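Reckoned from all heavy atoms, side chains included, excluding hydrogens, waters and symmetry mates. All chains are named by letter (A, B, ...) in the order of the sequence lines, taking the proteins before the strands, and each is independently numbered beginning at 1.
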Amino acid sequence: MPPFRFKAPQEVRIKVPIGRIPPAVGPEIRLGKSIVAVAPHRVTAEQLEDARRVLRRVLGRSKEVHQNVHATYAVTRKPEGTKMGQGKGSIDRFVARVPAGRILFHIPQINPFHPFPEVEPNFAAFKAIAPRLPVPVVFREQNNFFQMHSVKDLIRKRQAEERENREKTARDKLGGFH
Amino acid sequence: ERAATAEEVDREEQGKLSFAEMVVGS
Amino acid sequence: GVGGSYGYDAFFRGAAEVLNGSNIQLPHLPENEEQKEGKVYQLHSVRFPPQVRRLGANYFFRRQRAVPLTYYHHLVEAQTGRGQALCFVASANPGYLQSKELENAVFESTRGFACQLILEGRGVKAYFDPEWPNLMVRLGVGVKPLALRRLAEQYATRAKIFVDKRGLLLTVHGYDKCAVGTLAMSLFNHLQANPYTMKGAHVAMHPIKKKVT
Amino acid sequence: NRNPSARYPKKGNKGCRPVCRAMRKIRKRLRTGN
Amino acid sequence: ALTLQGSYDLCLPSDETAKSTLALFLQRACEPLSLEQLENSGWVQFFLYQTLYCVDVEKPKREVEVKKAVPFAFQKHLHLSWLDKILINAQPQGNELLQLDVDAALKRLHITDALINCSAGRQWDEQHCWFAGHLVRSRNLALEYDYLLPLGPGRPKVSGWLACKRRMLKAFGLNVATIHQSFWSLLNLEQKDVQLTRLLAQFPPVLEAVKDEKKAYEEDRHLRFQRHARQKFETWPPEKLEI
Amino acid sequence: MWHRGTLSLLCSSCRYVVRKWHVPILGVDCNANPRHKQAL
Amino acid sequence: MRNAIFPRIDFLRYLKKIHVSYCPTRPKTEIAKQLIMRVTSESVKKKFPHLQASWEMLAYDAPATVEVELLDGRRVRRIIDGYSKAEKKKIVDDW
Amino acid sequence: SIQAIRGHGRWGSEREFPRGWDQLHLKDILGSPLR
Amino acid sequence: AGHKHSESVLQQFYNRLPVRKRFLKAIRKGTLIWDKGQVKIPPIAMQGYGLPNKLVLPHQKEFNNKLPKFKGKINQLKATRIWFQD
Amino acid sequence: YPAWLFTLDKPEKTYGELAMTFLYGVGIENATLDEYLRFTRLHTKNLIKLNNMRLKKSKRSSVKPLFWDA
Amino acid sequence: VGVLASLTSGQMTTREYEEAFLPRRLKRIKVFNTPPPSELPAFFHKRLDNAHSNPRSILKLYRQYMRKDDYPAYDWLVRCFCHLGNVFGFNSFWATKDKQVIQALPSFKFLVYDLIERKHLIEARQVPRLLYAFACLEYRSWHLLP
Amino acid sequence: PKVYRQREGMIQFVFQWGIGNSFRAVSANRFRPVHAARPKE
Amino acid sequence: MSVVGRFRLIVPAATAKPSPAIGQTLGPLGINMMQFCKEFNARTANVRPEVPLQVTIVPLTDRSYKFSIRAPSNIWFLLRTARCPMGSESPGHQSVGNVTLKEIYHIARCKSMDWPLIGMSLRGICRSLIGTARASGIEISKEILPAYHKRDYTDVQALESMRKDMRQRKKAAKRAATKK
Amino acid sequence: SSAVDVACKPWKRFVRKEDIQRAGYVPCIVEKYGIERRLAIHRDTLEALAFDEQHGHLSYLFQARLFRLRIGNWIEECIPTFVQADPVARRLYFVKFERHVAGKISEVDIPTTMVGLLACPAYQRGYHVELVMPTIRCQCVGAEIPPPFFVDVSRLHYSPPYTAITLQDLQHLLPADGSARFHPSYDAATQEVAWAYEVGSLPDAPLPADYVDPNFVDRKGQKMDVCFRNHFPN
Amino acid sequence: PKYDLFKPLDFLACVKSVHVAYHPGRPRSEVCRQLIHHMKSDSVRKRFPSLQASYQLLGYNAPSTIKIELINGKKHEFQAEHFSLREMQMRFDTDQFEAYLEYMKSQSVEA
RNA sequence: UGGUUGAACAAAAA
RNA sequence: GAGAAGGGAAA
RNA sequence: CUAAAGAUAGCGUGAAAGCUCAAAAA
RNA sequence: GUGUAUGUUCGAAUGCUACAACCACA
Ligand SMILES: [Zn+2]
């Protein structure tokens with residue numbers, strides 16, 4: 001129940017079919033900032049590790065980043081010294097079979113600047129890593145801030161009340177109406 | 001300075017009244 | 001082609017690089033003060049000098065504009081307001097009344113436009129040999145002078161080049177802004193200072209940055 | 001790439017040609033990437 | 001409206017000693033207004049000042065009474081604020097198609113002294129209250145435009161605005177030529193040019209036309225720019241770097 | 001000139017422009033840094 | 001105020017009437033003159049259309065005074081004699 | 001056009017003070033023109 | 001064509017175009033495009049701004065149209081980065 | 001020594017609590033003038049700091065890590 | 001990014017895919033069938049009450065009413081004309097050229113013709129409205145003026 | 001207008017094997033497999 | 001004519017040595033250093049010799065020069081009355097000294113005579129001193145905190161040498177650790 | 001509180017999901033405690049509530065609001081219970097509501113909100129503050145649904161190894177009339193709503209036994225046969 | 001690079017003296033206050049250290065006046081209630097630009 | 001808009 | 001208006 | 001004049017000086 | 001604009017080498 005640093009799933013050293021990447025059951029929602037795949041693809045362990053290192057370097061030691069998927073699915077390739085048709089090749093790499101709509105990385109820190117709605121999110125690390133992923137990506141930020149708590153609505157209502165009051169005083173002072 | 005600060009201290013009551021009325025109404 | 005076939009990026013990736021920006025390290029801040037107020041527009045009016053009448057219907061009433069640009073000419077015969085010739089230019093959009101063409105129309109017929117080039121260095125001097133338009137500029141001690149009578153001939157009757165008594169300031173004056181600018185910029189292109197030696201000309205308020213080996 | 005299999009169908013073929021690759025390759029890429 | 005129709009001397013016939021109806025209207029328009037209210041009244045300022053100005057220009061019999069109708073403070077305020085916002089906000093905005101067409105015809109005919117929306121007034125007036133559609137100033141001519149529908153086929157008539165402007169221009173001493181669209185639209189380009197030339201023939205140049213020339217350095221008119229004149233290499237080494 | 005496949009504003013004085021080269025070309029002009037002058 | 005509901009503090013928002021009396025001969029009246037100009041500016045008129053502002057040049061010899069009547073109905077008077085940028089002048093003179 | 005119909009014409013604001021050809025005055029006077 | 005016995009379909013399409021060899025060179029390099037009988041500057045992708053609707057899929061058209069739009073000229077453009085959409 | 005000297009060591013309310021009071025109206029009946037002035041100062045400070053964070057390009061660590069979460 | 005993964009991944013079908021295997025000239029299904037109006041006067045009166053500012057919208061209302069009925073309600077015609085005039089009534093920012101364009105438009109001429117045809121239905125309570133509209137549009141109609 | 005409230009005395013009941021209709025009444029239109037569960041509340 | 005700019009320096013009281021410490025700023029400006037020191041000593045008669053205090057120079061295009069003098073820096077005073085020769089390495093996490101509120105008031109009274117704060121309130125000066133102490137890692141309490149209450153053995157007239165010794169010892173120790 | 005009145009139109013007798021979708025609407029079915037009633041809701045109006053965050057996907061408040069759909073002369077007071085929406089795009093495909101009746105338990109996951117993070121001492125000291133539980137399960141029997149729960153962190157200081165705000169702290173936010181309560185299965189004293197801890201100091205834990213590797217799932221929603229081999233490390 | 005030639009001259013580019021007399025309270029005296037602020041502004045002092053600026057407050061309801069004296073002697077006087085700042089500048093623009101050109105012909109504008 | 005124009009510029013616009 | 005990507009050349 | 005001003009966002013210096021931006025006013 | 005050339009590092013580090021803090025003006 002306390003916070004923990006769960007160990008990563010291990011690499012399965014079992015030959016498996018190339019197969020197809022099944023679709024996502026539904027939207028994946030996580031508070032904070034998320035980088036979400038937009039098309040299906042299989043991301044290599046090297047690519048995931050590079051993205052993690054870049055995210056850590058950009059954000060800093062004081063901030064924590066969660067890698068949502070892991071490369072456990074084996075993928076094989078033949079040695080150049082083997083002829084055609086002599087069975088499947090040796091394991092060559094490991095991949096995560098990311099569908100469309102799957103979060104790759106996310107940071108759970110909520111945006112503190114609720115009263116500054118015009119300051120839109122900082123996606124610096126996501127921008128740094130996106131052009132290197134083999135998947136198109138979309139940047140998301142969800143902070144559980146609902147419009148019922150919006151401060152801009154109160155600001156607008158106050159401005160409207162002030163305007164109405166000003167027009168009322170101007171009319172009264174000029175005295176063209178009862 | 002004077003004058004301005006004393007008057008603002010006087011009017012803080014009405015400022016607070018307006019703020020409370022706004023928040024209560026909304 | 002575009003409009004009949006999709007590109008690979010727009011088809012497979014949905015053009016996500018368009019929205020993959022980081023939003024920090026901006027060269028400028030966004031415009032947050034608009035607020036979509038829906039402000040009360042007003043009929044602004046300006047009293048330009050009567051020379052604005054040089055710009056006629058072709059400019060005021062025949063150009064396509066979002067909102068009307070009203071023009072009228074008040075031609076009557078220390079300043080008191082009433083008793084002088086002027087031009088009323090009005091519109092619901094103030095941006096129209098800040099057009100540079102309206103001011104150019106007056107300046108062309110009244111006072112024109114001017115620019116200045118400044119020469120620096122040892123043995124750097126501009127003079128006349130012996131008079132206008134035989135403008136000559138030397139850019140050093142052992143440097144032969146540059147003959148520039150051709151530019152004066154080019155812009156004769158619409159621009160003139162004046163030299164300082166010390167032969168270090170070249171003032172280009174004229175009655176067409178575009179022509180004056182082009183003349184000055186040719187002269188500058190052609191007298192531009194070498195940043196390592198600093199011998200030559202530079203446009204006023206645009207100094208060249210000294211460089212070091 | 002080259003014509004005999006990379007040629008796209010045209011209006012009147014209903015998206016198929018006897019020796020064409022492009023359609024199935026595009027569909028596979030859309031389904032599971034490359 | 002009384003000013004537009006020029007019915008200055010109107011009065012209720014019930015009594016011989018009857019005040020001017022225009023004077024009554026002005027008095028009852030000014031009664032409930034102060035100066036602060038007058039500043040924001042709007043069209044009222046334009047109407048009052050136009051009434052006073054037209055009455056002064058045409059000098060009718062009841063001019064004195066009409067002038068006494070309006071408070072002197074009101075007159076002073078209107079006179080001093082006329083050129084600020086009143087006339088500009090009261091005049092028609094934007095463009096007129098008939099005006100554009102006649103302007104194009106004049107440009108084709110090479111009448112370079114035709115001023116669009118140009119005002120005219122008496123020799124001693126410091127402010128002008130009316131604008132002519134075009135003012136041909138070398139010919140003492142003012143071209144007005146009637147884009148209204150005629151009373152019937154081939155029976156055009158101008159609006160009250162243009163009728164009052166016609167009377168004002170007459171008083172000022174200009175000739176007034178009115179183009180009626182119900183007839184003008186029936187013509188084509190060449191017929192329009194011919195008819196406009198015939199119109200201008202009746203008002204020959206009575207003065208020299210004022211030019212609005214762009215300024216120039218005339219003293220250099222003798223300078224010659226021989227573009228495509230090759231660079232001459234007179235001596236080696238050159239003593240002068242010819243361009 | 002910095003020949004690029006993409007153009008970006010590197011500072012507050014950069015601006016986008018069209019150059020009349022062999023063909024029309026997009027580019028970036030800068031008063032501050034000559035190295036900020038780009039051509040797509 | 002940006003990103004805030006209520007306006008930045010201003011000492012004219014909740015005043016009903018203000019009257020500024022001052023004498024052109026006495027020194028240290030520039031603060032009174034500046035206050036008069038500000039309260040007669042159209043910017044104050046648009047920001048606080050409720051405010052009534054008046055000023056007078058005293059013929060008699062008396063210090064610059066400001067009287068204020070609040071919306072609640074209270075009334076106060078204050079001496080406004082002072083230096084303003086004369087303070088900066090005196091300081092640069094001292095050093 | 002929408003602003004002018006709502007009442008803020010080129011003479012200012014009709015709600016603040018009548019400017020002539022007022023929307024409300026004209027509605028009253030052309031909706032019930034008979035005694 | 002010529003000494004190149006077999007070339008790609010795209011290369012043949014470029015080779016057949018009826019334009020000057022230098023505009024064709026621009027088309028090959030990607031600084032110009034051939035579209036409906038005309039040689040044009042390619043459409044410009046502006047970071048943070050919606051693309052022209054023609055370039056996006058029919059289901060994505062509404063979302064693209066809801067994005068911010070630039071209606072100025074190249075000088076006014078404040079976008080952080082721009083490139084030719086492809 | 002002056003009476004106000006005694007209260008100096010007592011910490012003042014931070015921008016978070018002042019915003020709770022004024023932007024959200026939490027316990028606004030007990031708001032004091034000094035509190036409003038402090039809120040007005042700190043709000044402007046935060047505005048400027050966010051603007052600088054957005055228009056930041058150097059490697060300097062002069063920005064508090066809190067603003068990088070905007 | 002509106003990529004619609006459900007479609008792109010191959011889980012759902014598209015309207016275009018479905019319609020590529022149908023006759024080209026089938027009729028689209030009317031998803032929502034609401035009863036059409038039985039009385040046009042009230043319907044177009046409500047629409048006019050909603051429309052006050054756009055002369056394009058006012059003329060479109062008249063054109064639709066004309067397309068539906070050859071003798072629209074005379075009171076509605078008078079109201080439409082009054083609204084069109086009030087759009088240009090003496091305090092707007094329109095140029096006279098806009099009034100001329102409206103006058104030249106064929107639909108405006110059809111509305112004026114409809115008014116002239118049954119001009120005998122004008123009651124005394126609408127004369128000031130029509131005169132105000134005439135003055136505002138600067139369209140002096142000698143057919144109706146007598 | 002008014003808020004919809006069901007009739008009195010109703011209960012929530014689950015049919016484990018599904019609910020038929022005119023289309024399912026024909027044995028050719030069987031739920032398949034016939035012994036599988038298709039819960040419906 | 002016009003003012004070239006504004007310059008700042010630290011000068012020891014009643015000291016007139018044309019040292020590089022002064023030449024770094026007076027040198028390029030060209031103002032006569034001996035004359036500047038003569039005027040400085042004339043102005044600093046009532047101040048203890050060898051007391052570093054802050055000086056500001058305003059030169060003009062006509063080579064005229066004006067200048068001003070004011071008391072030593074806030075942290076100079078804070079370290080003096082805290083008996084700490086060295087400031088905190090990591091202010092906000094590590095504290096190295098303590099000062100009292102009444103002592104802050106006294107330092108505020110001393111500082112009140114500087115021109116930048118002449119019209120400014122002593123309460124504000126005390127708040128500024130508190131801020132400087134926070135930035136420098138010096139704690140403030142009404143009464144001396146026991147953790148730093150008995151450390152009044154150092155001599156305020158001999159802590160410059162202590163600062164020099166701290167410099168040398170920290171340098172040597174950290175360089176040895178880096179070598180390790 | 002967060003109840004929303006909405007206007008709908010019928011899902012007619014031969015139209016399909018795809019037809020209503022392409023008509024710019026979302027198909028919805030209201031069920032439970034009465035007849036199954038079909039309807040369609042303007043897609044813009046519904047997606048405004050579903051995706052009420054500009055940069056966010058489906059909002060936790062959507063499945064926790066009380067909807068007041070109006071159809072013909074009927075008003076359905078219900079809650080969204082099933083939502084088919086696009087994984088990537090903010091598109092609503094299909095919705096299934098279940099009616100809410102005063103007196104019977106409705107199982108609603110009411111969201112949590114931390115708007116006062118700037119007043120948190122732990123956050124100001126540079127430590128990581130996390131909202132662990134986006135929603136809290138509640139059993140609601142009243143005529144209304146509780147609004148989102150505000151988690152106040154102004155008194156959340158950091159002490160090692162971590163500090164937590166648990167459900168007992170929020171217990172005071174429930175209605176005074178007892179119309180709503182937290183799920184009985186919750187242990188209020190140990191269910192943590194928020195954490196404050198230091199990055200890089202957490203203890204190590206093994207992967208949970210309930211972990212299912214998403215790389216070895218077939219298109220039918222079943223584990224691949226390789227997952228049952230003796231050598232499968234996960 | 002694009003050079004910024006033809007930058008418009010400030011309201012007080014080549015003005016030798018400015019005097020603003022007015023009565024705070026007059027309905028349309030905003031321009032007088034604006035010009036007073038501008039002529040006492042710090043940037044004006046930095047750019048035109050030789051400018052002689054003064055103003056007077058009238059205790060009676062009298063029209064406002066502004067007097068401008070150029071560096072080349074030409075003098076202008078406006079009733080400020082009937083002009084804006086740009087209108088006054090355009091009405092004395094010819095003399096101001098003539099003086100500026102005469103200056104530029106001999107002295108460096110960079111100063 | 002100006003033959004101003006090899007990798008260079010000026011005017012106007014929004 | 002579209003691999004209109006057979007040729008011409010069109011809004 | 002009012003009000004505002006980052007232990008600093010872009011320049012600049014060997015180091016200083018100096019300009020701009022943010023904020024406020026208009 | 002101003003305490004302030006804030007503290008530590010540094011031969012120095014004066015908003016702008018690098019870290020700490022990011023307070024302060026009736
Ligand atoms: Zn740049």
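M/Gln54 comes within 4.0 angstrom of sugar-phosphate atoms only, judged by non-hydrogen atoms across all strands, and of no base. Using a 4.0 Å heavy-atom distance criterion, J/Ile48 is classed as a base contact. At a threshold of 4.0 angstrom between heavy atoms, the contacts of E/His228 include nucleobase atoms, whether or not backbone atoms are also involved.
For Q/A2, there is no paired base (Watson-Crick or G-U wobble, both distances below 3.5 Å).
Residues passing the salt bridge (charged side-chain N to carboxylate O under 4.0 Å, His left out) test with C/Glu103 are C/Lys177, sequence neighbours excluded. For C/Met185, the side chain to side chain contact (heavy atoms under 4.5 Å, CB included) criterion is met by C/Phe188, O/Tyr3, O/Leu5, not counting sequence neighbours. For the salt bridge (charged side-chain N to carboxylate O under 4.0 Å, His left out) test, residues two or more places apart in sequence or in another chain that qualify with O/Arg47 are O/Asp10.
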Subject >> Where protein sits on nucleotides 7-14 of chain P, one letter per nucleotide: B base, S sugar-phosphate only, - none, heavy atoms under 4.0 Å >> reply: SSBBSSSB
Subject >> Per-nucleotide protein contact string for nucleotides 8-13 of chain S, where B marks a base within reach and S marks sugar-phosphate only (heavy atoms under 4.0 Å, - for neither) >> reply: SSS---
Original post:
Nucleotide by nucleotide, 5' to 3', does protein get under 4.0 Å of the base (B), only the sugar-phosphate (S), or neither (-) in nucleotides 21-26 of chain S, counting heavy atoms?
Top reply: SBBBBB
**OP:** Summarise protein proximity over nucleotides 2-11 of chain Q in one line of letters, 5' to 3': B for base, S for sugar-phosphate only, - for none, counting protein heavy atoms closer than 4.0 Å.
**Re:** SB-BS-----
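On the P atoms, S/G7 is 7 Å away from S/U14, given to the nearest whole Å. Here, S/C16 and R/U8 have their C1' atoms 8 Å apart, quoted to the whole Å. For the P atom pair drawn from S/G1 and R/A17, the interatomic distance equals 11 Å after rounding to whole Å. Distance noted for atom P between S/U8 and R/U2: 39 Å (whole Å). Nucleotides S/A13 and S/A18, compared at atom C1', are 9 Å apart to the nearest Å. The same atom, P, is picked in S/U6 and in R/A3; the two are 29 Å apart, to the nearest Å. The separation of R/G10 from R/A23, taken at their P atoms, amounts to 16 Å, rounded to a whole angstrom.
Under the 5.5 Å centre and 30° plane thresholds, the six-membered base rings of R/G6 and R/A7 are judged not to be stacked. A stacking criterion of 5.5 Å and 30° is met by the six-membered base rings of adjacent nucleotides S/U17 and S/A18. Consecutive residues Q/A4 and Q/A5 do not stack, lacking base ring centres under 5.5 Å apart with planes under 30°.
Residue pairs that meet the side chain to side chain donor-acceptor pair (under 3.5 Å) test with at least one member in residues 46-56 of chain J, sequence neighbours left out, are J/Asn51-J/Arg54, J/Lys56-J/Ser58. Legend: side chain to side chain donor-acceptor pair (under 3.5 Å) pairs involving residues 114-139 of chain M, not counting sequence neighbours, sorted by first then second residue: M/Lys111-M/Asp114.
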Result block: side-chain N/O donor-acceptor pairs under 3.5 angstrom for residues 3-10 of chain M, not counting sequence neighbours:
from	atom 1	to	atom 2	distance (Å)
M/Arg6	NH2	M/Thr56	OG1	3.2

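Between the side chain of C/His28 and the base of R/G10, no donor-acceptor pair under 3.5 Å is found.
Listed pair J/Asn51 / R/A23 meets the phosphate criterion, a side-chain N or O lying under 4.0 Å from OP1 or OP2. Within the structure, a side-chain polar atom (N or O) of M/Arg70 is placed less than 4.0 Å from OP1 or OP2 of S/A5. At S/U14, none of the side-chain N or O atoms of M/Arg8 fall inside 4.0 Å of OP1 or OP2 (strictly under the cut-off). OP1 or OP2 of P/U4 lies within a sub-4.0 Å distance of a side-chain N or O belonging to E/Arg227.
Using a distance-only test at 3.5 Å, with no hydrogens or angles considered, a donor-acceptor pair links the side chain of J/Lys57 to the main chain of C/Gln25. Side chain of M/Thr178 to main chain of M/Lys174: a donor-acceptor pair is present (N/O by atom type, distance under 3.5 Å, no hydrogens or angles). The closest donor-acceptor contact from the side chain of F/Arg15 to the backbone of I/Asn75 lies at 3.5 Å or more, if one exists at all.
Scanning residues 31-41 of chain G for heavy-atom distances under 4.0 Å to RNA chain S yields an empty list.
The only option from F/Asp29, F/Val17, F/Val28, F/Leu9 that meets the side chain to side chain contact (heavy atoms under 4.5 Å, CB included) definition with F/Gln38 turns out to be F/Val28.
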**OP:** Map every base of RNA chain S to its dot-bracket character, where paired means a Watson-Crick or G-U wobble contact with both distances under 3.5 Å and | marks a partner outside the strand.
**Re:** (.(..(((.........)))..).).
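Taking atom NZ of residue J/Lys57 and atom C1' of nucleotide R/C21, one finds them 14 Å apart after rounding to whole Å. Between the CG atom of J/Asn52 and the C1' atom of S/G15 there is a distance of 11 Å, rounded to whole Å. One interatomic measurement links the two molecules: CZ of M/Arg6 to P of S/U4, which rounds to 13 Å at whole-angstrom precision. Computed from coordinates, the M/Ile75 CD1 to S/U4 P distance equals 10 Å when rounded to whole Å. Regarding G/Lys85, its NZ atom lies at a distance of 11 Å from the P atom of R/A3, rounded to whole Å. Between the CD1 atom of M/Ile104 and the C1' atom of S/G3 there is a distance of 12 Å, rounded to whole Å. For the pair F/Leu10 CG and R/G10 P, the interatomic distance rounds to 14 Å; values are reported in whole Å. In this entry the distance linking CD of G/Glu30 with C1' of R/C1 reads 12 Å, nearest Å.
Base orientation for R/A7: syn, the chi torsion being within 90° of 0. Glycosidic torsion of S/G3 falls outside 90° of 0, placing the base in anti.
The two atoms that bring C/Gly1 and I/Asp35 nearest to each other are C-OD1, 3.7 Å, heavy atoms only.
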Subject >> C/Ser99 and C/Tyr59: CA distance, side-chain angles, deciding distance, side chain to side chain donor-acceptor pair (under 3.5 Å) verdict >> reply: CA-CA 11 Å; C/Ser99 67; C/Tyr59 174 88; 2.9 Å; yes
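Few gaps surround NZ on M/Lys171; more than 12 heavy atoms of other groups in view lie less than 6.0 Å from it.
Among the nucleotides R/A23, R/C1, R/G10, the one closest to the side chain of O/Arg33 is R/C1.
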